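A.B. asks: Got target_12.cif for you, mmCIF, C-alpha atoms and all ligand atoms:
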data_query
loop_
_atom_site.label_atom_id
_atom_site.label_comp_id
_atom_site.auth_asym_id
_atom_site.auth_seq_id
_atom_site.Cartn_x
_atom_site.Cartn_y
_atom_site.Cartn_z
CA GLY G 22 7.30 3.31 36.71
CA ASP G 23 7.66 0.82 33.87
CA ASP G 24 4.46 -0.73 35.34
CA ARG G 25 2.27 2.23 34.48
CA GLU G 26 3.97 2.85 31.08
CA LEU G 27 3.25 -0.81 30.16
CA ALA G 28 -0.32 -0.45 31.32
CA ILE G 29 -0.78 2.62 29.16
CA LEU G 30 0.55 0.69 26.15
CA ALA G 31 -1.66 -2.30 26.88
CA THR G 32 -4.75 -0.10 27.28
CA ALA G 33 -4.02 1.68 24.01
CA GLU G 34 -3.59 -1.62 22.09
CA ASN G 35 -6.85 -2.96 23.57
CA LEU G 36 -8.80 0.23 22.73
CA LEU G 37 -7.44 0.47 19.15
CA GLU G 38 -9.23 -2.81 18.47
CA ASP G 39 -12.55 -1.00 18.79
CA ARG G 40 -11.95 2.49 17.45
CA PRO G 41 -9.39 4.70 15.70
CA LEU G 42 -6.84 6.75 17.68
CA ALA G 43 -8.94 9.87 16.91
CA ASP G 44 -11.87 8.52 18.98
CA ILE G 45 -9.64 7.51 21.91
CA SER G 46 -8.97 10.27 24.44
CA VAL G 47 -6.08 10.71 26.85
CA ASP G 48 -8.77 10.31 29.56
CA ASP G 49 -9.68 6.90 28.08
CA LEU G 50 -6.05 5.84 28.19
CA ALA G 51 -5.44 7.08 31.73
CA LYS G 52 -8.64 5.49 33.01
CA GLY G 53 -7.74 2.12 31.50
CA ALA G 54 -4.25 2.25 32.91
CA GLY G 55 -5.40 3.10 36.45
CA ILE G 56 -3.77 6.56 36.54
CA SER G 57 -4.63 10.19 36.35
CA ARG G 58 -4.41 12.43 33.33
CA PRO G 59 -1.40 14.34 34.50
CA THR G 60 0.34 11.14 35.45
CA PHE G 61 -0.24 10.00 31.75
CA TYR G 62 1.50 13.15 30.55
CA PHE G 63 4.53 12.20 32.63
CA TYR G 64 4.99 9.00 30.58
CA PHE G 65 3.92 10.19 27.12
CA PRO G 66 3.62 13.62 25.59
CA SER G 67 0.47 12.68 23.60
CA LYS G 68 -1.72 9.71 22.48
CA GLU G 69 0.17 9.84 19.15
CA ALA G 70 3.32 9.12 21.03
CA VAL G 71 1.72 6.05 22.56
CA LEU G 72 0.89 4.69 19.06
CA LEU G 73 4.49 5.41 17.97
CA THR G 74 5.87 3.33 20.81
CA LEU G 75 3.39 0.50 20.10
CA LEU G 76 4.46 0.44 16.45
CA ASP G 77 8.11 0.56 17.36
CA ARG G 78 7.70 -2.50 19.56
CA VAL G 79 5.90 -4.49 16.75
CA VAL G 80 8.41 -3.50 14.07
CA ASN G 81 11.33 -4.48 16.25
CA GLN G 82 9.65 -7.73 17.15
CA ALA G 83 9.42 -8.59 13.46
CA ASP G 84 12.98 -7.48 12.86
CA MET G 85 14.38 -9.55 15.73
CA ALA G 86 12.47 -12.57 14.49
CA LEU G 87 13.90 -12.12 11.03
CA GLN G 88 17.41 -11.86 12.43
CA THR G 89 16.85 -15.06 14.36
CA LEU G 90 15.82 -16.76 11.21
CA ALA G 91 18.84 -15.39 9.28
CA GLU G 92 21.12 -16.90 12.00
CA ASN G 93 19.20 -20.23 12.07
CA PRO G 94 18.59 -21.23 8.42
CA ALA G 95 16.01 -24.02 8.14
CA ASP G 96 17.15 -26.97 5.94
CA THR G 97 14.66 -26.72 3.07
CA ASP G 98 13.91 -25.98 -0.55
CA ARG G 99 14.01 -22.37 -1.72
CA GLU G 100 10.23 -22.15 -1.67
CA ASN G 101 10.14 -22.99 2.01
CA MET G 102 13.00 -20.62 2.69
CA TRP G 103 11.00 -17.63 1.37
CA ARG G 104 7.78 -18.88 2.98
CA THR G 105 9.38 -19.07 6.45
CA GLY G 106 10.65 -15.52 5.96
CA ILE G 107 7.37 -14.05 4.77
CA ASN G 108 5.73 -15.85 7.68
CA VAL G 109 7.70 -13.76 10.18
CA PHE G 110 5.77 -10.73 8.98
CA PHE G 111 2.42 -12.56 8.57
CA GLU G 112 2.63 -13.81 12.18
CA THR G 113 4.13 -10.77 13.87
CA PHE G 114 1.92 -8.11 12.25
CA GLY G 115 -1.08 -10.49 12.19
CA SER G 116 -0.78 -10.86 16.02
CA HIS G 117 -1.07 -7.02 16.35
CA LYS G 118 -3.70 -6.14 13.82
CA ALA G 119 -4.97 -3.01 15.53
CA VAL G 120 -1.50 -1.53 15.96
CA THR G 121 -0.70 -2.39 12.30
CA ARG G 122 -3.83 -0.69 11.06
CA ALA G 123 -3.44 2.45 13.16
CA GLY G 124 0.28 2.67 12.43
CA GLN G 125 -0.12 2.46 8.74
CA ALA G 126 -2.83 5.18 8.90
CA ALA G 127 -0.49 7.46 10.91
CA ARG G 128 2.16 7.44 8.23
CA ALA G 129 0.34 10.22 6.37
CA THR G 130 0.23 12.51 9.47
CA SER G 131 3.28 11.63 11.58
CA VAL G 132 6.81 12.21 10.31
CA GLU G 133 8.13 9.99 13.08
CA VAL G 134 5.79 7.10 12.12
CA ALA G 135 6.78 7.52 8.46
CA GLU G 136 10.43 7.52 9.34
CA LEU G 137 10.16 4.39 11.52
CA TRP G 138 8.38 2.54 8.75
CA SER G 139 10.93 3.69 6.21
CA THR G 140 13.93 2.69 8.30
CA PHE G 141 12.73 -0.85 8.75
CA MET G 142 11.42 -1.27 5.20
CA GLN G 143 14.88 -0.24 3.97
CA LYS G 144 16.46 -2.86 6.17
CA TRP G 145 14.09 -5.60 5.05
CA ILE G 146 14.52 -4.70 1.39
CA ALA G 147 18.31 -4.69 1.76
CA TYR G 148 18.22 -8.13 3.33
CA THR G 149 15.90 -9.44 0.61
CA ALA G 150 18.21 -8.12 -2.05
CA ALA G 151 21.23 -9.74 -0.36
CA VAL G 152 19.49 -13.08 -0.34
CA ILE G 153 18.53 -12.73 -4.00
CA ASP G 154 22.14 -11.80 -4.77
CA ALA G 155 23.30 -14.97 -2.95
CA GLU G 156 20.87 -17.08 -4.95
CA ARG G 157 22.22 -15.53 -8.18
CA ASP G 158 25.84 -16.09 -7.11
CA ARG G 159 25.23 -19.80 -6.46
CA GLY G 160 23.51 -20.22 -9.82
CA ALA G 161 19.95 -20.87 -8.53
CA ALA G 162 18.38 -17.61 -9.66
CA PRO G 163 18.79 -15.93 -13.08
CA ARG G 164 20.28 -12.40 -13.42
CA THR G 165 17.08 -10.63 -14.55
CA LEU G 166 16.00 -7.36 -12.92
CA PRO G 167 18.22 -5.30 -10.55
CA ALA G 168 17.94 -7.25 -7.29
CA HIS G 169 17.27 -4.23 -5.13
CA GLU G 170 14.41 -2.95 -7.37
CA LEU G 171 12.85 -6.48 -7.46
CA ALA G 172 13.20 -6.66 -3.69
CA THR G 173 11.55 -3.30 -3.27
CA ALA G 174 8.45 -4.13 -5.31
CA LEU G 175 8.07 -7.52 -3.59
CA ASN G 176 8.34 -6.03 -0.13
CA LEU G 177 5.80 -3.32 -1.03
CA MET G 178 3.48 -6.00 -2.38
CA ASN G 179 3.73 -7.83 0.92
CA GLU G 180 3.08 -4.68 2.95
CA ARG G 181 -0.05 -3.77 1.03
CA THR G 182 -1.37 -7.32 0.64
CA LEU G 183 -0.78 -8.46 4.23
CA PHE G 184 -2.30 -5.28 5.64
CA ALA G 185 -5.34 -5.41 3.35
CA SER G 186 -5.85 -9.08 4.35
CA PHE G 187 -5.68 -8.33 8.05
CA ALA G 188 -8.14 -5.46 7.75
CA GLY G 189 -10.57 -7.46 5.58
CA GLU G 190 -10.44 -4.60 3.02
CA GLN G 191 -12.40 -5.10 -0.13
CA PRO G 192 -10.51 -6.06 -2.16
CA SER G 193 -8.13 -8.40 -0.36
CA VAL G 194 -6.73 -11.91 -0.43
CA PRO G 195 -8.31 -14.05 2.27
CA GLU G 196 -5.99 -14.32 5.24
CA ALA G 197 -5.90 -18.06 4.87
CA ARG G 198 -4.67 -17.71 1.32
CA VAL G 199 -2.19 -14.82 1.62
CA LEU G 200 0.95 -16.67 2.41
CA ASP G 201 0.55 -19.16 -0.55
CA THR G 202 -0.29 -16.21 -2.84
CA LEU G 203 2.77 -14.15 -1.86
CA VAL G 204 5.15 -17.09 -1.88
CA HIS G 205 4.11 -17.99 -5.45
CA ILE G 206 4.78 -14.45 -6.68
CA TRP G 207 8.15 -14.28 -4.88
CA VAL G 208 9.36 -17.63 -6.16
CA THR G 209 8.24 -17.15 -9.74
CA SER G 210 9.67 -13.62 -9.99
CA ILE G 211 12.99 -14.44 -8.26
CA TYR G 212 13.71 -17.75 -10.05
CA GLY G 213 11.84 -17.33 -13.34
CA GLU G 214 13.22 -16.33 -16.69
CA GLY H 22 -21.98 27.46 -13.22
CA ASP H 23 -19.79 24.62 -14.46
CA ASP H 24 -17.17 27.38 -15.00
CA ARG H 25 -16.74 28.12 -11.31
CA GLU H 26 -16.97 24.43 -10.27
CA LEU H 27 -14.14 23.64 -12.73
CA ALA H 28 -12.11 26.54 -11.41
CA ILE H 29 -12.52 25.28 -7.87
CA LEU H 30 -11.29 21.84 -8.96
CA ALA H 31 -8.35 23.31 -10.85
CA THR H 32 -7.36 25.50 -7.89
CA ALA H 33 -7.53 22.54 -5.52
CA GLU H 34 -5.34 20.36 -7.79
CA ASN H 35 -2.79 23.18 -8.14
CA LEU H 36 -2.67 23.83 -4.37
CA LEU H 37 -2.38 20.12 -3.44
CA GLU H 38 0.97 20.15 -5.24
CA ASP H 39 2.37 22.35 -2.49
CA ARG H 40 0.62 21.27 0.69
CA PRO H 41 -1.76 18.68 2.15
CA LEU H 42 -5.54 19.22 2.14
CA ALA H 43 -5.30 20.01 5.90
CA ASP H 44 -3.23 23.16 5.20
CA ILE H 45 -5.54 24.35 2.41
CA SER H 46 -8.52 26.42 3.56
CA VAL H 47 -11.89 26.98 1.91
CA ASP H 48 -10.75 30.64 1.69
CA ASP H 49 -7.68 29.51 -0.29
CA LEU H 50 -9.89 27.58 -2.68
CA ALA H 51 -12.41 30.37 -3.15
CA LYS H 52 -9.69 32.98 -3.65
CA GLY H 53 -7.98 30.87 -6.32
CA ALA H 54 -11.24 30.24 -8.11
CA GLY H 55 -12.24 33.92 -8.20
CA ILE H 56 -15.33 33.49 -5.96
CA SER H 57 -16.52 34.18 -2.49
CA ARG H 58 -16.65 31.74 0.39
CA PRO H 59 -20.38 31.34 0.37
CA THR H 60 -20.37 30.90 -3.37
CA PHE H 61 -17.86 27.96 -2.78
CA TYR H 62 -20.33 26.36 -0.39
CA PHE H 63 -22.94 26.42 -3.15
CA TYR H 64 -20.77 24.11 -5.31
CA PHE H 65 -19.21 21.88 -2.64
CA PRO H 66 -20.18 21.11 0.92
CA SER H 67 -16.52 20.99 2.10
CA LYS H 68 -12.86 20.89 0.87
CA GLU H 69 -13.01 17.09 1.41
CA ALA H 70 -15.74 16.95 -1.13
CA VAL H 71 -13.54 18.76 -3.63
CA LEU H 72 -10.80 16.10 -3.19
CA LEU H 73 -13.44 13.36 -3.65
CA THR H 74 -14.52 14.81 -6.96
CA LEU H 75 -10.89 15.22 -8.11
CA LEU H 76 -10.18 11.57 -7.28
CA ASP H 77 -13.35 10.43 -8.97
CA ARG H 78 -12.31 12.18 -12.17
CA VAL H 79 -8.79 10.55 -12.13
CA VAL H 80 -10.11 7.07 -11.35
CA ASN H 81 -12.66 7.27 -14.12
CA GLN H 82 -10.05 8.57 -16.51
CA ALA H 83 -7.94 5.49 -15.83
CA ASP H 84 -10.95 3.22 -16.11
CA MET H 85 -12.07 4.69 -19.44
CA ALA H 86 -8.54 4.33 -20.78
CA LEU H 87 -8.45 0.70 -19.74
CA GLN H 88 -11.79 0.07 -21.43
CA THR H 89 -10.46 1.65 -24.59
CA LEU H 90 -7.52 -0.64 -24.49
CA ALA H 91 -9.73 -3.72 -23.86
CA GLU H 92 -11.74 -2.78 -27.02
CA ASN H 93 -8.58 -2.06 -29.08
CA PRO H 94 -6.12 -4.92 -28.38
CA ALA H 95 -2.61 -4.10 -29.60
CA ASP H 96 -1.02 -6.86 -31.76
CA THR H 97 1.86 -7.94 -29.53
CA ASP H 98 3.49 -10.52 -27.31
CA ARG H 99 1.99 -11.19 -23.89
CA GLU H 100 4.68 -9.13 -22.20
CA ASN H 101 3.71 -6.06 -24.18
CA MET H 102 0.05 -6.75 -23.57
CA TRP H 103 0.50 -6.49 -19.78
CA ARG H 104 2.92 -3.57 -20.12
CA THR H 105 0.43 -1.51 -22.16
CA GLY H 106 -2.19 -2.22 -19.49
CA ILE H 107 -0.04 -1.34 -16.51
CA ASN H 108 0.97 1.80 -18.41
CA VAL H 109 -2.61 3.08 -18.33
CA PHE H 110 -2.28 3.41 -14.57
CA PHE H 111 1.35 4.63 -14.62
CA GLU H 112 0.40 7.44 -17.05
CA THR H 113 -2.99 8.39 -15.68
CA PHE H 114 -2.09 8.48 -11.97
CA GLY H 115 1.44 9.75 -12.76
CA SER H 116 -0.14 12.79 -14.55
CA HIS H 117 -2.07 13.62 -11.31
CA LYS H 118 0.45 12.96 -8.61
CA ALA H 119 -0.93 15.40 -6.07
CA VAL H 120 -4.48 14.09 -6.37
CA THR H 121 -3.17 10.50 -6.12
CA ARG H 122 -1.22 11.28 -2.98
CA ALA H 123 -4.00 13.17 -1.24
CA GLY H 124 -6.62 10.61 -2.29
CA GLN H 125 -4.72 7.69 -0.99
CA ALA H 126 -4.19 9.54 2.34
CA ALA H 127 -7.94 10.24 2.60
CA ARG H 128 -8.84 6.58 2.48
CA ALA H 129 -8.20 6.27 6.22
CA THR H 130 -10.57 9.18 7.09
CA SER H 131 -13.24 9.26 4.37
CA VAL H 132 -15.68 6.40 3.89
CA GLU H 133 -16.61 7.80 0.50
CA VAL H 134 -12.95 7.92 -0.66
CA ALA H 135 -12.43 4.35 0.60
CA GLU H 136 -15.52 3.17 -1.18
CA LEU H 137 -14.56 4.83 -4.48
CA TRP H 138 -11.13 3.24 -4.34
CA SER H 139 -12.63 -0.14 -3.49
CA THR H 140 -15.18 -0.06 -6.29
CA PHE H 141 -12.60 0.59 -8.95
CA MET H 142 -9.97 -1.76 -7.51
CA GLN H 143 -12.62 -4.51 -7.60
CA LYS H 144 -13.30 -3.77 -11.23
CA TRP H 145 -9.63 -3.75 -12.18
CA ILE H 146 -8.95 -6.97 -10.30
CA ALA H 147 -11.95 -8.65 -11.94
CA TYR H 148 -10.71 -7.64 -15.37
CA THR H 149 -7.18 -8.85 -14.57
CA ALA H 150 -8.53 -12.18 -13.44
CA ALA H 151 -10.63 -12.51 -16.63
CA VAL H 152 -7.57 -11.92 -18.75
CA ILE H 153 -5.56 -14.48 -16.76
CA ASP H 154 -8.45 -16.92 -17.16
CA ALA H 155 -8.37 -16.34 -20.95
CA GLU H 156 -4.64 -16.96 -21.03
CA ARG H 157 -5.17 -20.23 -19.12
CA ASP H 158 -8.01 -21.30 -21.42
CA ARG H 159 -5.87 -20.82 -24.54
CA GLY H 160 -3.01 -22.79 -23.01
CA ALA H 161 -0.52 -19.90 -22.59
CA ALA H 162 -0.60 -19.68 -18.80
CA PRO H 163 -0.42 -22.61 -16.33
CA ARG H 164 -3.25 -23.30 -13.83
CA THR H 165 -1.35 -22.39 -10.65
CA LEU H 166 -2.91 -20.10 -8.04
CA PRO H 167 -6.62 -19.06 -8.04
CA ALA H 168 -6.68 -16.36 -10.73
CA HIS H 169 -8.64 -13.87 -8.68
CA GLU H 170 -6.28 -14.12 -5.66
CA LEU H 171 -3.21 -13.74 -7.97
CA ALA H 172 -4.89 -10.77 -9.61
CA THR H 173 -5.60 -9.19 -6.26
CA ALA H 174 -2.02 -9.37 -4.99
CA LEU H 175 -0.64 -8.07 -8.30
CA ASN H 176 -3.02 -5.13 -8.39
CA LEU H 177 -2.18 -4.27 -4.77
CA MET H 178 1.51 -4.47 -5.62
CA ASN H 179 0.96 -2.01 -8.43
CA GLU H 180 -1.03 0.37 -6.24
CA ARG H 181 1.61 0.49 -3.53
CA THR H 182 4.63 0.49 -5.85
CA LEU H 183 3.34 3.09 -8.33
CA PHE H 184 2.24 5.41 -5.54
CA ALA H 185 5.50 5.07 -3.61
CA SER H 186 7.42 5.79 -6.85
CA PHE H 187 5.41 8.90 -7.61
CA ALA H 188 5.86 10.25 -4.09
CA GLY H 189 9.60 9.49 -4.03
CA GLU H 190 9.03 7.56 -0.75
CA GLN H 191 12.02 5.88 0.73
CA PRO H 192 11.93 3.08 -0.12
CA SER H 193 10.66 3.10 -3.69
CA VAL H 194 11.49 1.93 -7.18
CA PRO H 195 12.71 4.81 -9.32
CA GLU H 196 9.92 6.07 -11.53
CA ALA H 197 11.98 5.32 -14.60
CA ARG H 198 12.29 1.71 -13.53
CA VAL H 199 8.79 0.97 -12.19
CA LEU H 200 7.10 -0.22 -15.30
CA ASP H 201 9.90 -2.76 -16.19
CA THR H 202 9.90 -3.95 -12.55
CA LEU H 203 6.13 -4.52 -12.39
CA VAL H 204 5.91 -6.10 -15.82
CA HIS H 205 8.59 -8.65 -14.89
CA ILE H 206 6.72 -9.67 -11.73
CA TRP H 207 3.38 -9.91 -13.58
CA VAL H 208 4.75 -11.98 -16.44
CA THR H 209 6.78 -14.36 -14.31
CA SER H 210 3.95 -14.95 -11.82
CA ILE H 211 1.20 -15.33 -14.46
CA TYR H 212 3.12 -17.57 -16.90
CA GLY H 213 5.63 -19.31 -14.62
CA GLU H 214 5.42 -22.76 -13.15
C1 LIG V 301 5.44 -6.27 5.85
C2 LIG V 301 6.45 -5.54 5.06
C3 LIG V 301 7.71 -6.36 4.74
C4 LIG V 301 7.47 -7.61 3.97
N1 LIG V 301 8.79 -8.31 3.81
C5 LIG V 301 8.82 -9.63 3.70
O1 LIG V 301 7.71 -10.24 3.75
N2 LIG V 301 10.00 -10.29 3.70
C6 LIG V 301 11.26 -9.55 3.75
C7 LIG V 301 12.44 -10.35 3.94
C8 LIG V 301 12.42 -11.67 3.47
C9 LIG V 301 13.57 -12.49 3.53
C10 LIG V 301 11.20 -12.36 3.59
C11 LIG V 301 10.04 -11.63 3.31
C1 LIG V 302 -3.12 1.41 -9.56
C2 LIG V 302 -3.95 0.29 -9.07
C3 LIG V 302 -4.33 -0.73 -10.15
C4 LIG V 302 -3.18 -1.38 -10.83
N1 LIG V 302 -3.74 -2.29 -11.91
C5 LIG V 302 -3.03 -2.54 -12.99
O1 LIG V 302 -1.89 -1.98 -13.08
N2 LIG V 302 -3.55 -3.22 -14.02
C6 LIG V 302 -4.91 -3.77 -13.92
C7 LIG V 302 -5.45 -4.32 -15.13
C8 LIG V 302 -4.55 -4.84 -16.07
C9 LIG V 302 -5.00 -5.48 -17.25
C10 LIG V 302 -3.32 -4.17 -16.21
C11 LIG V 302 -2.72 -3.72 -15.03
#
Could you quickly redo this structure as structure tokens?
C.D. replies:
Amino acid sequence: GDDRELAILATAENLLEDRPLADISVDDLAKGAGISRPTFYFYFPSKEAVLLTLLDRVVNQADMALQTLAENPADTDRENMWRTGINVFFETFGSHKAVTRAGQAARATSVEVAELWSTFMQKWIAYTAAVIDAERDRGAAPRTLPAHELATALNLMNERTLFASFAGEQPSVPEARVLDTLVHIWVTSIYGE
Amino acid sequence: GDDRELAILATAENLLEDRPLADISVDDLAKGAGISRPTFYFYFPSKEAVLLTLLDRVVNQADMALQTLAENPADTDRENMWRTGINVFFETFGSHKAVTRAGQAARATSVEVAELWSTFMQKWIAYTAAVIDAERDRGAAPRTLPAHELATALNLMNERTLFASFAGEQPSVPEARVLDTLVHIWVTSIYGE
């Protein structure tokens, strides 16, 4: 039961490395998973649904990693603090490039994909803003822009920059340079006057 | 000749306010423009082509405005300098919200839309980096990150943040707050150590 569902999800992730979801058929997915077509339709209503579940797993992986970090603060300077946090997303999404790509493309066509992305981006922004607020309260960061609006722009920067880097879009920051680039912009904008 | 082409483009821009390109038919476009279907196909091979031409016009409008600014430097502090520049994009894309939305969505499905976007983003990044380099040469900005990589991340931030603001995505910066938010992040990251 969960065996064949997992195999469907694994097949989909493997195939999305090579082609977009549009050029992957339900037959392709069932064949890869060792099942028939109608047995596929037992587990998922559509190939779009498969991509939704893949994206849900990746987003929750990132979220759970960020929670783990928030419970286990590393003992470091504020630069390293933000770097370790940004790195959760760099590593988690960067380990699932094909899902990230296809998920971000689905936002324009799937309400459910858009909603998933929005839910988690709201959470991540809210947490960012709470950390900025804590830095301001302890006197380390100046009271400049509204923390939630600063957090929003920085999170959107990271989304667009990380995803362009992973896809080798032109233009993009090289993947080996993206974490230094983002961390600089976060630290200067959060702590600068 | 150019009358009916222009009418097609105007009809398309008006209809994309209400629905995505997928729910707009070639019949809808021809009807709005006062022409027949086969007369449409004289002027454009497809509705996708119409969106490409709309996006090309908006991108070149922004580009020409930025050139005009680069030839006519305002006499101001460095904050205002970047603000006036960012404002070119805020105003130009913000005056064509429906084209911006539909164009950005087409990037995932149209090679020609992706290429157009890439060409101009490369230009805008290169110009940003040249201005940063000039600020460093005159001693106003510190030599921190590679100027071109900083420019790339800041331009991608602006793309994602402006477009989320215009679309009222959740999450987004309110439109009335986006220019202050971006300018802060640009100034602190360019001039901060
Ligand atoms: C990939 C979209 C979200 C990016 N968010 C992001 O990198 N972080 C959000 C939360 C904090 C603390 C660290 C950095
Ligand atoms: C909308 C995508 C491009 C954003 N680029 C951008 O806002 N600018 C690029 C160029 C400079 C000088 C000002 C600001």
A.B. asks: Could you make a table, as a tab-separated table, of the residues of chain H that have an atom within 12 Å of an atom of ligand LIG 301 (chain V), each with its nearest atom pair and distance in Å to one decimal, counting only C-alpha atoms and all ligand atoms, in chain and number order?
C.D. replies:
residue	atom	partner	partner_atom	distance
H:178	CA	V:LIG301	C4	11.7
H:181	CA	V:LIG301	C2	11.6
H:192	CA	V:LIG301	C3	11.4
A.B. asks: Show me the residues close to (-8.1, 22.7, 2.7) - anything with an atom within 10 Å, counting all atoms listed in the file - and format the list as a ChimeraX atom specification.
C.D. replies: /H:33,36-37,40-50,67-69,71-72
A.B. asks: Mind pulling up the distance from atom CA of residue 127 of chain G to atom CA of residue 54 of chain G?
C.D. replies: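 Going from atom CA of residue 54 of chain G over to atom CA of residue 127 of chain G, I get 22.9 Å.
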A.B. asks: 7 Å from ligand LIG 302 (chain V) is the threshold here; counting all atoms listed in the file, which polymer residues fall inside it? Answer as a PyMOL selection string.
C.D. replies: chain H and resi 103+106-107+110+142+145-146+148-149+176-177+179-180+183
A.B. asks: Mind pulling up the distance from atom CA of residue 170 of chain G to atom CA of residue 108 of chain G?
C.D. replies: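 For atom CA of residue 108 of chain G relative to atom CA of residue 170 of chain G, the distance reads 21.6 Å.
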